[PDB]
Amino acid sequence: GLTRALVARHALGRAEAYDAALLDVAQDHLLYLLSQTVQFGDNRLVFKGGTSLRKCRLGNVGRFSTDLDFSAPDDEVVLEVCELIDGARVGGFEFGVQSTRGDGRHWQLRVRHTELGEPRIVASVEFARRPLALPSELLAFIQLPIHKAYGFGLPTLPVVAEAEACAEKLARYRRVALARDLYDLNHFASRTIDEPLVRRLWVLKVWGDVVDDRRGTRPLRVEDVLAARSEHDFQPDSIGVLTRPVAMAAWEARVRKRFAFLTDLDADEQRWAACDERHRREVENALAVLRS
């Protein structure tokens, strides 16, 4: 099935993107392995982040994405997944994971294909502990030409709800400016957005990020996202490898304009934006109303 010429075409003929394309294919193989062995589902294991956007919503219209992110509240589930990945073979690919930190939830991924070799691109797997707020959406992979060469059919996987994926992207964007996040937000800006829900979830995600994960600063201010940023304010992180063209100024302008609705925080959101522990019960209740 797979050949260097097929992977090069998957990279749109761009030599600099060959390794990202090989990793993209390897990720599909890893996700297939997981789907055959591990139970996915709400409050157990949900595929999320920019790579879920690539695999299950954008396909070829989106960038390559080098991380695999999951929501997995239970440490035992994380370990099951990591033991399965490490040393696994799926056809021509062999996988390995190395822990990057002591919590067992962040890993460097290495992949090697018997014929096509090992892509020299940074790849990772990360497992979030905090439960997702919304039920997952069971999605097929967007069909791409190279998938015809795999020799198996790709699975359907529970994926983070689109409103929650956008809120998570905005929550990180509020703390640190990453070109890959800007790219993804530029896609969300071209799609239907459930504005009150995205804004509500954004505030609740930042509250947990600050109060519980001690990430970022308090209080949350809408200018954290909506102030004009220059291309020099963003971390590039090889965005030019993952997509072409890179249009940092066009993306920044479209994102800043489209997300103006985040300014319309209601009275509760403005209170919670303080990121104060005293509001924990109110925040838990606000998340609870969205579960049902």
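Quick note: we count residues from 1 along the sequence shown, nothing fancier.
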Of 157-165 and 83-91, the stretch whose C-alpha atoms average the higher B-factor in the entry: 83-91
Comparing 92-100 with 199-207, the one whose average Cα B-factor in the PDB entry is higher: 92-100
Candidate residues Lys48, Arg229, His29, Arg54, the one whose C-alpha B factor the record puts highest: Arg229
Top residue by Cα temperature factor, when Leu220, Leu116, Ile142, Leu170 are compared in the entry: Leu116
CA B-factor ranking of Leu265, expressed as a third of its chain: middle
Among modelled residues of the same chain, the CA temperature factor third for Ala149: highest
Modelled-residue ranking by C-alpha temperature factor, third containing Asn186: middle
Within-chain third of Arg175 by Cα B-factor, per the entry: highest
Modelled-residue ranking by C-alpha temperature factor, third containing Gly41: middle
